[PDB]
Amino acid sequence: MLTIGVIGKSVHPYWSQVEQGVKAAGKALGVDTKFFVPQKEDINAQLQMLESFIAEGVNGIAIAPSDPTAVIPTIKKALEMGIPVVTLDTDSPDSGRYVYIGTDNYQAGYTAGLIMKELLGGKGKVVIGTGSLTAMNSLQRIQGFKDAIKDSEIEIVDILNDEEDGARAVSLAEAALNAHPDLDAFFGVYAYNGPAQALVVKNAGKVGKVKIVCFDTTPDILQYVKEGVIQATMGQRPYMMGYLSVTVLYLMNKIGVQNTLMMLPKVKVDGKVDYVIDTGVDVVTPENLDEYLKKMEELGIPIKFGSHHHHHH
């Protein structure tokens, strides 16, 4: 059979959720799969694995580039070798990759900022925590958030980059609350940030006093949402990113690139035709959590939190 390789950005449970989609699609379509993440943000590790996949003669590659520019030459080389390439989770739109499969990161951040604006009444101080200052998804989320709060009196008083290191996400957030005792809110951009901010807020006895709006729906985040430490999180569909990345690359092998692209959503921004699978976003709050868990279970998306139903056939 064919082999399809997938490269993500860090060891976080988020990437395990992606990997479970990769595995599921591998079984469903009968294709071997390979998955790699470095421990934290590490463009050279990604680049090295990319080169390995090409040298192994894989039939397709999906990559979540920590730096959109740095990966362009190696993606070009894969394409020259006849290896189709797609991105997932975060993009490199000038690379030659055929499809981006992931969240509308700009719109998700914009939604987060509208939520923050309402939560704070259009006023107060926010600290941002993120794990990249180069990955487009982070840049887009932060820009969306800023654009959405622009008209209000809200001020961003720090943007802190942990480079996808959870210990560092914790220490930076802790330092921020100590530096800013009048902090009104944290915004968490990557999966590490919400729960790190939640831990710090809870440790400081500021639950509900310092609001948290964040990203993702890993079990640690969901538990803080349940407890009311996190008021809202922008849930992605990592399982679907992994699953549909394998599916697209599989099709590009079986029916070809052109035929596959004709099946997908086509977009055209600034006159440039491109192909994008929006895996969607779910705003998750304490008030809609049970409904969220219901939604994911019925969508067939595994969530290792809360109750589960089994139908006996």
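A residue's number is simply how far along the shown sequence it sits, counting from 1.
May I ask you to compare 195-203 and 214-222 by their mean CA B factor in the entry and name the higher one?
-> Result of the comparison: 195-203.
Of 258-266 and 242-250, the one with larger mean CA B-factor = Taking the mean C-alpha B-factor of 242-250 and of 258-266, the larger value falls to 258-266.
Could you check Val85, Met136, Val157, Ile101 and tell me which one carries the biggest Cα B-factor in the deposited entry?
-> Comparing C-alpha B-factors across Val85, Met136, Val157, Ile101, the top value belongs to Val157.
Which has the highest CA B-factor per the PDB entry: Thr90, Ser152, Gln236, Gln140?
-> Highest CA B-factor of the listed options: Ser152.
Ordered by C-alpha B-factor within the chain, which third holds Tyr190? Give me lowest, middle or highest, please.
-> Its C-alpha B-factor, which the entry lists for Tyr190, ranks in the lowest third among residues of this chain.
CA B-factor ranking of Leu29, expressed as a third of its chain | Middle third.
Against its chain's modelled residues, does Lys23's Cα B factor rank lowest, middle or highest third?
-> According to the entry, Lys23 has a C-alpha B-factor in the chain's lowest third.
Consider only the C-alpha atoms of the modelled residues in this chain, order them by B-factor as the entry records it, and name the third containing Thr74: lowest, middle or highest.
-> Middle third.
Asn288, C-alpha B-factor rank within chain (lowest, middle or highest third) | Its C-alpha B-factor, which the entry lists for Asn288, ranks in the highest third among residues of this chain.
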